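Asks: Before I ask anything, let me first share the structure, which is written out below as structure tokens.
The numbers here are math on the coordinates, done by the rules we state, and not lab data. As a convention, Cβ positions derive from the backbone with ideal geometry for all residues, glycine included, and neighbour counts pool all protein chains shown.
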Amino acid sequence: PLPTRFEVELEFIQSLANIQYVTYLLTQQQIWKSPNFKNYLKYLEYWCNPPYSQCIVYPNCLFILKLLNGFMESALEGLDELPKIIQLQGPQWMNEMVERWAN
Amino acid sequence: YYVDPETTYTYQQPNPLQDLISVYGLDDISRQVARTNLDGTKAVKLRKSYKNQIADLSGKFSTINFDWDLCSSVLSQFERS
Amino acid sequence: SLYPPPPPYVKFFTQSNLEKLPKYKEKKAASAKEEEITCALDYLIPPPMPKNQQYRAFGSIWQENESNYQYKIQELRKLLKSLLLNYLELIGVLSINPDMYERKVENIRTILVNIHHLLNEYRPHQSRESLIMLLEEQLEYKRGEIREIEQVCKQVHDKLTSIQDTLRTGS
Amino acid sequence: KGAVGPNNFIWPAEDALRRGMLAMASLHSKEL
Amino acid sequence: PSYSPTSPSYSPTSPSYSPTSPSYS
Amino acid sequence: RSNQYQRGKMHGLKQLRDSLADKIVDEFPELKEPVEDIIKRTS
């Protein structure tokens, strides 16, 4: 059967955690140029509250989209540095996610 | 849990512990071609193949619808020529 | 391609759609007093939770003060004893008549599997109990911190009193 | 590391997304 | 001899532009 | 050679299960009764 929009949006959110997916999406000019994609990104922000957050599979993307949120006022430029910066800042970002959830 | 008194396993027949050669009286041929005799000495010289079973026959084995009358007549004519 | 295309509705919502969303939802609520897609602005309306409270994905289904266990203990002890006994009987089978040994092997595994099923029902009963072991560790840590704080300020107050006595004696 | 075990990764699997119904949903986006 | 060697000008931060497309079977 | 291997492994297995039965009786007397039956199930 045809999946509902819940399933596709949740799978998109969980796939946003992949660094390769983010690099590919930012590689194309019209994806970032079009305001539709960033409008959808800001629309996706409302999943950080329960009970929606209970349905997530990988919490890392929760910050990544938020990090992607920062990308709208930080610039495309910085795309090259994305894998290095995520690899370097993985420890502290995981720690802050744990502080937000595990405590 | 799995202890079933109704499940009984019988001994495997024939028992490998016993002398399986003598179970059916099968010692004659084994003694005939035994490696060594009762005293341990070599009985006969041992080799690999059928050649020595034909040595008694004359010869030098150094290396190891149909009309019969018509064929015989043809061979006779060929030899007489 | 390697990367699936973005969702289609993503491209429908511009800044104008975002700013006109309030009047659109007001009109929709006034009119209202699977959702059919009659207008391009319908998706911004929050999707409704399914009544069955279930979600299917990849062939799998998904959906208070913390915010006879002796029977299960004795069952697990007798199951362990029976498992050892069945292991002995199975190795005896291998000894005498190994040809049918498998006839018992899987049987033993079933017991192991039943121990694993008890150890699975036992998880929502251990996983939450992790928060308990955490409870006492931070509780004892904060008690240690507290007690060393009244200790150090009491020994400072004692030093101050001793100094006061010393200066009074020198008067 | 060399044995690709299914349904247990640190990050979302590319093969999981490929086998996910979102792939055919995007393929059948016209039917949507 | 050699007046001066060249300074290492590696750019690992370069993201590269390798096209990836034949992944689907 | 195969027959000698079979006989030696049979003797080894017999001593294995004899010792295992003896020790299971020793440290676990409550399971002593089935163990003998196990022998009756095997022998």
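Asks: Relative to the longest principal axis of the C-alpha atoms of chain F, give the angle of the C-alpha long axis of helix F:2-27, reported between 0 and 90° and rounded to the nearest 10°.
Replies: So the inclination is approximately 10 degrees.
Asks: For chain A, what is the mean residue ellipticity at 222 nm derived from helices alone (per DSSP H run of n ≥ 4: -39500 (n - 2.57); sum divided by total residues; nearest 500 deg cm²/dmol)?
Replies: After summing the helix terms and dividing by the residues of chain A, the value is -19000 deg cm²/dmol.
Asks: Any idea how far apart C:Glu136 and B:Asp56 come out in nm if each label point goes 7 Å out from Cα toward Cβ?
Replies: 9.5 nm
Asks: What does the average come to when, for each residue of peptide D:15-26, you count the partner chain Cβ atoms lying within 10 Å of its Cβ?
Replies: 6
Asks: When a/c is below 1.5 the answer is rounded, else prolate if a/b is larger than b/c, else oblate, so apply that to the range C:1-82 with a ≥ b ≥ c taken from the square roots of the Cα gyration tensor eigenvalues.
Replies: It comes out prolate by the Cα gyration axes.
Asks: Less than 20 Å apart at the alpha-carbon level, and either on another chain or at least 8 residues along: which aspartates and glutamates does that give for D:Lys1?
Replies: Of all the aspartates and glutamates, those that pass the test against D:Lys1 - Cα under 20 Å, at least 8 places apart if same chain - are D:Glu14, D:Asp15.
Asks: F:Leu13 versus B:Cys71, label points 7 Å from Cα toward the beta carbon: distance in nm?
Replies: The answer from the label model is 6.0 nm.
Asks: With a Förster radius of 60 Å, plug the Cβ-Cβ distance of C:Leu118 and B:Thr63 into 1/(1 + (r/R0)^6) and report the FRET value to the nearest 0.05.
Replies: 0.20
Asks: Right, another one. Pairs A:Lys33/A:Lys84; A:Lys66/C:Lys33; A:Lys66/C:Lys11; C:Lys78/F:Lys9: which are spaced more than 26 Å apart, C-alpha to C-alpha?
Replies: Where the Cα-Cα span goes over 26 Å, the pairs concerned are A:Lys66/C:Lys33; C:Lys78/F:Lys9.
Asks: Another question about this same structure. How many nm is it between the label spots at C:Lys78 and E:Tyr3, if each spot is 7 Å from the Cα in line with the beta carbon?
Replies: For C:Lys78 paired with E:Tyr3, the spin-label model returns 9.5 nm.
Asks: From the backbone phi of the range C:78-86, what are the Karplus-calculated ³J(HN,Hα) couplings (6.51 cos²θ - 1.76 cosθ + 1.60, θ = phi - 60°) in whole Hz, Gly and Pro given as x?
Replies: Once θ is set to phi - 60°, the couplings for the range C:78-86 become 5, 5, 5, 4, 5, 5, 5, 4, 5 Hz.
Asks: By its C-alpha gyration tensor, with a ≥ b ≥ c as the square roots of the eigenvalues, how is chain B shaped: rounded for a/c under 1.5, else prolate for a/b larger than b/c, else oblate?
Replies: Oblate is the answer for chain B, as a/c is 1.5 or above yet b/c matches or exceeds a/b.
Asks: Below 17 Å, Cα to Cα, which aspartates and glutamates can A:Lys38 reach? Residues fewer than 8 away in the same chain don't count.
Replies: Within the straight-line limit of under 17 Å, A:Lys38 reaches these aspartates and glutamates: A:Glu9, A:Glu73, A:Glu77, C:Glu19.
Asks: Is chain F rounded, prolate or oblate when judged by the Cα gyration tensor, a ≥ b ≥ c being the square roots of its eigenvalues, rounded requiring a/c under 1.5 and prolate requiring a/b larger than b/c?
Replies: Oblate, because a/c is 1.5 or more while a/b does not exceed b/c.
Asks: In straight Cα distance, which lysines are under 29 Å from C:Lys159, not counting same-chain residues fewer than 8 positions off?
Replies: Output for C:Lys159: C:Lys142.
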